[PDB]
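K.L.:
Supplied structure: final.pdb, PDB, C-alpha atoms (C1' of nucleotides).
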```pdb
ATOM      1  CA  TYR D 123      38.743 -29.975  23.244
ATOM      2  CA  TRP D 124      35.407 -28.469  22.181
ATOM      3  CA  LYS D 125      37.109 -25.821  20.043
ATOM      4  CA  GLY D 126      40.130 -27.986  19.279
ATOM      5  CA  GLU D 127      43.699 -27.027  20.052
ATOM      6  CA  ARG D 128      44.943 -30.237  21.728
ATOM      7  CA  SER D 129      45.480 -33.763  20.441
ATOM      8  CA  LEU D 130      44.435 -36.847  22.377
ATOM      9  CA  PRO D 131      47.370 -38.103  24.481
ATOM     10  CA  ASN D 132      49.412 -41.002  23.129
ATOM     11  CA  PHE D 133      51.020 -42.423  26.254
ATOM     12  CA  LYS D 134      54.568 -43.741  26.028
ATOM     13  CA  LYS D 135      55.712 -47.253  26.965
ATOM     14  CA  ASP D 136      58.330 -46.320  29.587
ATOM     15  CA  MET D 137      55.656 -44.628  31.715
ATOM     16  CA  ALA D 138      56.055 -44.744  35.477
ATOM     17  CA  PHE D 139      52.937 -46.579  36.449
ATOM     18  CA  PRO D 140      50.869 -45.218  39.361
ATOM     19  CA  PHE D 141      49.955 -47.044  42.554
ATOM     20  CA  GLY D 142      47.776 -45.714  45.343
ATOM     21  CA  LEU D 143      48.385 -45.553  49.077
ATOM     22  CA  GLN D 144      45.805 -48.372  49.410
ATOM     23  CA  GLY D 145      48.556 -50.718  48.341
ATOM     24  CA  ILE D 146      51.489 -50.029  50.633
ATOM     25  CA  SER D 147      51.578 -52.737  53.287
ATOM     26  CA  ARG D 148      53.899 -54.497  55.740
ATOM     27  CA  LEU D 149      56.187 -51.481  56.114
ATOM     28  CA  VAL D 150      58.856 -52.229  58.741
ATOM     29  CA  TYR D 151      62.588 -51.733  59.358
ATOM     30  CA  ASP D 152      64.342 -55.111  59.231
ATOM     31  CA  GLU D 153      67.532 -54.398  61.165
ATOM     32  CA  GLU D 154      69.023 -57.754  60.136
ATOM     33  CA  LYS D 155      69.174 -56.720  56.466
ATOM     34  CA  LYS D 156      69.567 -52.997  57.310
ATOM     35  CA  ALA D 157      66.736 -52.028  54.965
ATOM     36  CA  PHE D 158      63.053 -51.183  55.134
ATOM     37  CA  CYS D 159      60.844 -54.052  53.989
ATOM     38  CA  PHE D 160      57.351 -53.770  52.526
ATOM     39  CA  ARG D 161      55.012 -55.310  49.961
ATOM     40  CA  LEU D 162      53.972 -53.667  46.700
ATOM     41  CA  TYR D 163      50.953 -55.919  46.125
ATOM     42  CA  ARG D 164      52.261 -59.248  47.400
ATOM     43  CA  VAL D 165      55.978 -59.021  46.656
ATOM     44  CA  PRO D 166      58.786 -58.406  49.173
ATOM     45  CA  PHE D 167      61.049 -55.425  48.633
ATOM     46  CA  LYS D 168      64.246 -54.405  50.422
ATOM     47  CA  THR D 169      64.708 -50.663  50.106
ATOM     48  CA  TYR D 170      68.120 -49.355  49.054
ATOM     49  CA  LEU D 171      68.802 -46.118  50.878
ATOM     50  CA  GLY D 172      72.503 -46.905  50.564
ATOM     51  CA  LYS D 173      74.476 -44.073  52.135
ATOM     52  CA  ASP D 174      71.375 -42.045  52.983
ATOM     53  CA  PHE D 175      71.217 -42.543  56.737
ATOM     54  CA  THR D 176      69.777 -39.067  57.328
ATOM     55  CA  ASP D 177      68.027 -37.489  54.328
ATOM     56  CA  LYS D 178      65.129 -39.848  53.584
ATOM     57  CA  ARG D 179      66.026 -42.173  56.472
ATOM     58  CA  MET D 180      63.813 -40.382  58.993
ATOM     59  CA  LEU D 181      61.070 -40.071  56.351
ATOM     60  CA  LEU D 182      59.978 -43.690  55.919
ATOM     61  CA  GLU D 183      60.271 -44.133  59.684
ATOM     62  CA  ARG D 184      58.021 -41.070  59.880
ATOM     63  CA  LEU D 185      55.423 -43.246  58.127
ATOM     64  CA  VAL D 186      56.000 -46.592  59.870
ATOM     65  CA  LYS D 187      55.030 -44.762  63.081
ATOM     66  CA  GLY D 188      52.201 -42.804  61.441
ATOM     67  CA  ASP D 189      53.549 -39.244  61.403
ATOM     68  CA  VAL D 190      53.770 -38.230  57.707
ATOM     69  CA  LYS D 191      51.044 -38.391  55.061
ATOM     70  CA  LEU D 192      51.590 -40.156  51.735
ATOM     71  CA  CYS D 193      49.749 -39.657  48.444
ATOM     72  CA  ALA D 194      49.133 -41.768  45.347
ATOM     73  CA  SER D 195      52.686 -42.553  44.266
ATOM     74  CA  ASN D 196      54.289 -43.810  41.054
ATOM     75  CA  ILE D 197      56.961 -46.359  40.177
ATOM     76  CA  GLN D 198      59.677 -46.285  37.501
ATOM     77  CA  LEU D 199      61.981 -48.984  36.150
ATOM     78  CA  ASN D 200      65.060 -47.988  34.162
ATOM     79  CA  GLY D 201      66.787 -51.186  33.081
ATOM     80  CA  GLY D 202      67.438 -53.402  36.102
ATOM     81  CA  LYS D 203      66.927 -50.793  38.812
ATOM     82  CA  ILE D 204      63.554 -50.030  40.387
ATOM     83  CA  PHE D 205      62.489 -46.626  41.690
ATOM     84  CA  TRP D 206      59.517 -45.451  43.744
ATOM     85  CA  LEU D 207      58.293 -41.876  43.227
ATOM     86  CA  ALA D 208      56.619 -41.344  46.594
ATOM     87  CA  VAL D 209      54.508 -38.199  46.938
ATOM     88  CA  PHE D 210      55.113 -37.409  50.600
ATOM     89  CA  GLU D 211      53.118 -34.433  51.871
ATOM     90  CA  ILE D 212      55.719 -32.253  53.590
ATOM     91  CA  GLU D 213      54.965 -29.118  55.606
ATOM     92  CA  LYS D 214      56.149 -25.524  55.433
ATOM     93  CA  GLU D 215      59.117 -24.176  57.391
ATOM     94  CA  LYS D 216      58.672 -21.044  59.505
ATOM     95  CA  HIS D 217      61.611 -18.646  59.781
ATOM     96  CA  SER D 218      62.108 -15.134  61.160
ATOM     97  CA  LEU D 219      61.053 -13.200  58.067
ATOM     98  CA  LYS D 220      60.105  -9.531  57.740
ATOM     99  CA  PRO D 221      57.474  -8.749  55.068
ATOM    100  CA  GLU D 222      58.714  -5.154  54.783
ATOM    101  CA  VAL D 223      62.198  -6.340  53.788
ATOM    102  CA  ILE D 224      62.210  -6.881  50.020
ATOM    103  CA  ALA D 225      64.683  -8.921  47.975
ATOM    104  CA  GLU D 226      65.165  -7.676  44.408
ATOM    105  CA  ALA D 227      65.854 -10.651  42.132
ATOM    106  CA  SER D 228      66.702 -10.523  38.432
ATOM    107  CA  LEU D 229      67.395 -13.422  36.063
ATOM    108  CA  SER D 230      69.482 -13.133  32.895
ATOM    109  CA  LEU D 231      71.476 -15.474  30.684
ATOM    110  CA  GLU D 232      74.752 -13.774  31.651
ATOM    111  CA  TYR D 233      74.013 -13.865  35.393
ATOM    112  CA  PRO D 234      71.353 -16.484  36.233
ATOM    113  CA  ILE D 235      70.405 -14.822  39.536
ATOM    114  CA  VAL D 236      71.349 -11.357  40.788
ATOM    115  CA  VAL D 237      69.763 -10.420  44.107
ATOM    116  CA  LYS D 238      69.671  -7.183  46.123
ATOM    117  CA  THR D 239      68.809  -7.046  49.823
ATOM    118  CA  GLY D 240      69.580  -3.618  51.237
ATOM    119  CA  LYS D 241      73.372  -3.473  51.031
ATOM    120  CA  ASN D 242      73.799  -7.221  50.405
ATOM    121  CA  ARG D 243      74.479  -8.366  46.834
ATOM    122  CA  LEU D 244      74.502 -11.987  45.714
TER     123      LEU D 244
ATOM    124  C1'  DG S   1     185.349  32.973  13.179
ATOM    125  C1'  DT S   2     181.684  29.650  13.868
ATOM    126  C1'  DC S   3     178.194  26.480  16.033
ATOM    127  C1'  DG S   4     175.141  24.686  19.887
ATOM    128  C1'  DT S   5     172.745  26.320  24.450
ATOM    129  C1'  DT S   6     170.080  28.759  27.698
ATOM    130  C1'  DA S   7     166.955  32.058  29.378
ATOM    131  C1'  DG S   8     163.702  35.499  28.593
ATOM    132  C1'  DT S   9     160.506  37.222  25.850
ATOM    133  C1'  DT S  10     156.583  37.225  22.118
ATOM    134  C1'  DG S  11     152.825  35.617  19.472
ATOM    135  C1'  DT S  12     149.406  32.304  19.434
ATOM    136  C1'  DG S  13     146.132  28.730  21.036
ATOM    137  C1'  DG S  14     142.914  26.365  24.390
ATOM    138  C1'  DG S  15     139.848  26.849  28.626
ATOM    139  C1'  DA S  16     136.881  29.083  32.797
ATOM    140  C1'  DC S  17     132.998  32.859  33.565
ATOM    141  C1'  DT S  18     126.303  31.830  40.886
ATOM    142  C1'  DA S  19     121.928  30.044  41.815
ATOM    143  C1'  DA S  20     115.676  30.045  40.998
ATOM    144  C1'  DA S  21     112.148  30.932  36.713
ATOM    145  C1'  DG S  22     111.035  30.600  31.301
ATOM    146  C1'  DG S  23     111.630  28.674  26.819
ATOM    147  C1'  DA S  24     107.658  32.259  21.087
ATOM    148  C1'  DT S  25     110.519  32.858  16.623
ATOM    149  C1'  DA S  26     112.175  32.000  10.110
ATOM    150  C1'  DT S  27     114.415  30.062   7.204
ATOM    151  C1'  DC S  28     115.769  32.788  -1.519
ATOM    152  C1'  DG S  29     117.874  31.566  -5.917
ATOM    153  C1'  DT S  30     114.500  26.455 -10.778
ATOM    154  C1'  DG S  31     116.666  22.936 -16.279
ATOM    155  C1'  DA S  32     113.973  19.633 -19.500
ATOM    156  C1'  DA S  33     112.329  15.337 -20.858
ATOM    157  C1'  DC S  34     111.293  10.364 -20.790
ATOM    158  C1'  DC S  35     110.921   5.964 -18.413
ATOM    159  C1'  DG S  36     109.839   3.081 -14.654
ATOM    160  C1'  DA S  37     107.462   1.896 -10.506
ATOM    161  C1'  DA S  38     103.513   0.521  -7.727
ATOM    162  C1'  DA S  39      99.366   1.829  -5.861
ATOM    163  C1'  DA S  40      94.790   2.321  -6.819
ATOM    164  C1'  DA S  41      89.754   1.285  -9.093
ATOM    165  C1'  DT S  42      86.894  -0.939 -12.060
ATOM    166  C1'  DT S  43      84.806  -4.979 -13.718
ATOM    167  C1'  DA S  44      83.081 -10.111 -14.028
ATOM    168  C1'  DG S  45      80.986 -13.963 -11.953
ATOM    169  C1'  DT S  46      76.730 -17.307  -8.738
ATOM    170  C1'  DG S  47      71.132 -17.898  -6.356
ATOM    171  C1'  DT S  48      66.155 -22.658  -2.107
ATOM    172  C1'  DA S  49      61.771 -24.998   0.443
ATOM    173  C1'  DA S  50      59.631 -28.748   2.633
ATOM    174  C1'  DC S  51      59.652 -33.080   3.473
ATOM    175  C1'  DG S  52      59.403 -39.026   6.534
ATOM    176  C1'  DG S  53      60.280 -40.788  11.215
ATOM    177  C1'  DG S  54      62.597 -39.961  15.674
ATOM    178  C1'  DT S  55      64.179 -37.344  19.304
ATOM    179  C1'  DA S  56      66.896 -33.297  22.016
ATOM    180  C1'  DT S  57      65.119 -29.045  24.289
ATOM    181  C1'  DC S  58      61.587 -25.136  25.612
ATOM    182  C1'  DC S  59      56.670 -23.172  27.738
ATOM    183  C1'  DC S  60      52.257 -24.422  29.839
ATOM    184  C1'  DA S  61      48.635 -26.918  32.440
ATOM    185  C1'  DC S  62      47.354 -30.538  35.729
ATOM    186  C1'  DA S  63      47.880 -34.404  39.382
ATOM    187  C1'  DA S  64      49.776 -36.499  43.280
ATOM    188  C1'  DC S  65      41.153 -39.703  46.196
ATOM    189  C1'  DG S  66      38.376 -41.386  49.557
ATOM    190  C1'  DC S  67      34.895 -45.002  50.877
ATOM    191  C1'  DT S  68      32.506 -49.843  51.052
ATOM    192  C1'  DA S  69      32.070 -54.673  50.537
ATOM    193  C1'  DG S  70      33.798 -59.760  49.939
TER     194       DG S  70
END
```
Produce structure tokens that represent the structure in this file.
P.N.:
Amino acid sequence: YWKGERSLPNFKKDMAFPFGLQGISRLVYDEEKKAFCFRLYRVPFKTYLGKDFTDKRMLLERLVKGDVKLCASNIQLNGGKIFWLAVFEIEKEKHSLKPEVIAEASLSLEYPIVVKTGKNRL
DNA sequence: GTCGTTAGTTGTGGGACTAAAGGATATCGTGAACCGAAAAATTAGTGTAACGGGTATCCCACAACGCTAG
């Protein structure tokens, strides 16, 4: 900005507006309605996992019991539906990896990924 | 004496002549002239640059807090 190679941002109107973790409250699992309930600044909200009884199902419960950390999230609205962009802080996964073993990856427009690993081609 | 018949030539024509390997050849003579056919080569004619919003995609960088008081 001192030299000048960037214009001042002109924010759009459909922006997902941000809300901090200091606003999530009354998080519980109401079994009667089969949906998590919470308040986004004094308004009830039934969460629609739908047919997602495993993927993010044990993620909100990982927060109702205080086991996963959440960051300043955002919220989108796309014409009747409402979406929450929750920045959950997930951890790394440890496998049985060998640093000496090297995978040779190449990316081209004819073959998006071509990978060598010893005698294994993918 | 004369005519058809039969058998034995006699001349003439058509059909055979291992298997295995290999496998190169050279091939004259000349009369003219005009018309038609199609296949080929040469020649004659037309040309952009940035712009308004608005929006689809790309690369490229950064963010995604924590504490205190009413």
K.L.:
Write out as CSV a residue-level contact list of chain S versus chain D with cut-off 12 Å: for each qualifying residue the closest pair of atoms and the distance in Å to one decimal, counting all atoms listed in the file, rows sorted by chain and residue number upward.
P.N.:
```
residue,atom,partner,partner_atom,distance
S:61,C1',D:128,CA,11.8
S:63,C1',D:194,CA,9.6
S:64,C1',D:194,CA,5.7
S:65,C1',D:194,CA,8.3
S:66,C1',D:144,CA,10.2
S:67,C1',D:144,CA,11.5
```
K.L.:
Within 10 Å of region 188-190 of chain D, counting all atoms listed in the file, which residues show up once you throw out same-chain ones fewer than 2 positions away? Write them as number ranges by chain, please.
P.N.:
D: 181-186, 192, 210-213
K.L.:
For the provided coordinates, the residues matched by the PyMOL selection byres ((chain D and resi 146-158) around 7) should be stated as a tab-separated table (two decimals) with C-alpha atoms, in the frame of the given file.
P.N.:
```tsv
chain	number	residue	atom	x	y	z
D	143	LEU	CA	48.38	-45.55	49.08
D	144	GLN	CA	45.80	-48.37	49.41
D	145	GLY	CA	48.56	-50.72	48.34
D	159	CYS	CA	60.84	-54.05	53.99
D	160	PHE	CA	57.35	-53.77	52.53
D	161	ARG	CA	55.01	-55.31	49.96
D	162	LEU	CA	53.97	-53.67	46.70
D	168	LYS	CA	64.25	-54.40	50.42
D	169	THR	CA	64.71	-50.66	50.11
D	170	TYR	CA	68.12	-49.36	49.05
D	186	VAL	CA	56.00	-46.59	59.87
```
K.L.:
So what do you get for CA of residue 215 (chain D) versus CA of residue 179 (chain D), distance-wise?
P.N.:
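Straight-line distance from CA of residue 215 (chain D) to CA of residue 179 (chain D) works out to 19.3 Å.
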K.L.:
Taking only C-alpha atoms into account, which of D:202, D:123, D:164, D:207 comes nearest residue 141 (chain D)?
P.N.:
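Nearest candidate to residue 141 (chain D) out of D:202, D:123, D:164, D:207: D:207.
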K.L.:
Taking the file above as input, evaluate the PyMOL selection byres ((chain D and resi 238) around 10) and report the hits as a ChimeraX atom specification.
P.N.:
/D:224-228,236-237,239-244
K.L.:
Can you work out the spacing between CA of residue 172 (chain D) and CA of residue 205 (chain D) in Å, to one decimal?
P.N.:
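Separating CA of residue 172 (chain D) from CA of residue 205 (chain D) is a distance of 13.4 Å.
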K.L.:
Skip residue 138 (chain D) itself and residues of its chain fewer than 6 positions away, then list as a list in words all residues within 8 Å of it, counting all atoms listed in the file.
P.N.:
residues 196, 197, 198 and 199 of chain D
K.L.:
Where's the centre, and what are the edge lengths in Å to one decimal, of a box along x, y and z enclosing all listed atoms of region 7-25 of chain S padded 4 Å per side, as AutoDock Vina command-line options?
P.N.:
```
--center_x 137.3 --center_y 31.8 --center_z 29.2 --size_x 67.3 --size_y 18.9 --size_z 33.2
```
K.L.:
What gap, in Å, lies between CA of residue 167 (chain D) and CA of residue 200 (chain D)?
P.N.:
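Computed distance, CA of residue 167 (chain D) to CA of residue 200 (chain D), equals 16.8 Å.
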